[PDB]
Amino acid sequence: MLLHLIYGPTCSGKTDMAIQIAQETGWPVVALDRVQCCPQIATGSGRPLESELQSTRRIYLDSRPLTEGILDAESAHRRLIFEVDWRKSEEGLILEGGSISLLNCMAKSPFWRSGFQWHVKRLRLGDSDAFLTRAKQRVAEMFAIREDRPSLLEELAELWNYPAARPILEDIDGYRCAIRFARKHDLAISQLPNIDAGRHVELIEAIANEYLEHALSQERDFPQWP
């Protein structure tokens, strides 16, 4: 079968791309993302909206409570081989995501190196400045109060109740920032949603900047794929 592999940093449009190829071909898209396997952090982790899948399928490598820990990379990798393997007979599948440790498992795994055709697309960040514009938009959407899906701040407040979630969230991007930012301004995590006019602007800015650190370190640590 043909695997269409799409990887690159945070906020590069990988998913809209994947959705478009999926809506053309009919193939599912497997998310190469460990953090997105915790649906309790669906928004902050970048899962697309149901509305935005446009009836196309997107497959996650597990579905797990956040307090169970983010799915480790070698478990994710074994799950990935299985999701591709059982679909062995279909025409192709789309693998899309920005997981550093998952992509590197892939690059080191004997599974991938034979018995598949590949189309491989690597998105980059270019302008730091356009990156941050792109990033601030994405953050404002993750912050939008929506009918159907909790915002990043609402997910964050929800989970802050479980002391076990706290160290885990401190290690995840967006949430890390939001938490660091609450402590900076002597705010309770619960009050982050009612954050006043421009206080809201400094937090979007700060998360977008944390996305930047992240994307730079994704450019640093990504495998170079064949």
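In this text, residue numbers run from 1 along the sequence as written.
As listed in the deposited structure, the average C-alpha B-factor of 195-203 and of 44-52 is greater for 195-203. Ranked within its chain, residue 20 lands in the lowest third, by CA B factor from the PDB record. Per the PDB record, residue ranking by Cα B-factor puts residue 10 in the middle third of the chain. Split the chain's modelled residues into thirds by C-alpha temperature factor. Residue 122 is in the middle one.
Placement of the Cα temperature factor of residue 134 within the chain: highest third of the modelled residues, per the deposited record. For residue 142, the recorded CA B-factor ranks within the highest third of the chain. Only modelled residues enter the ranking.
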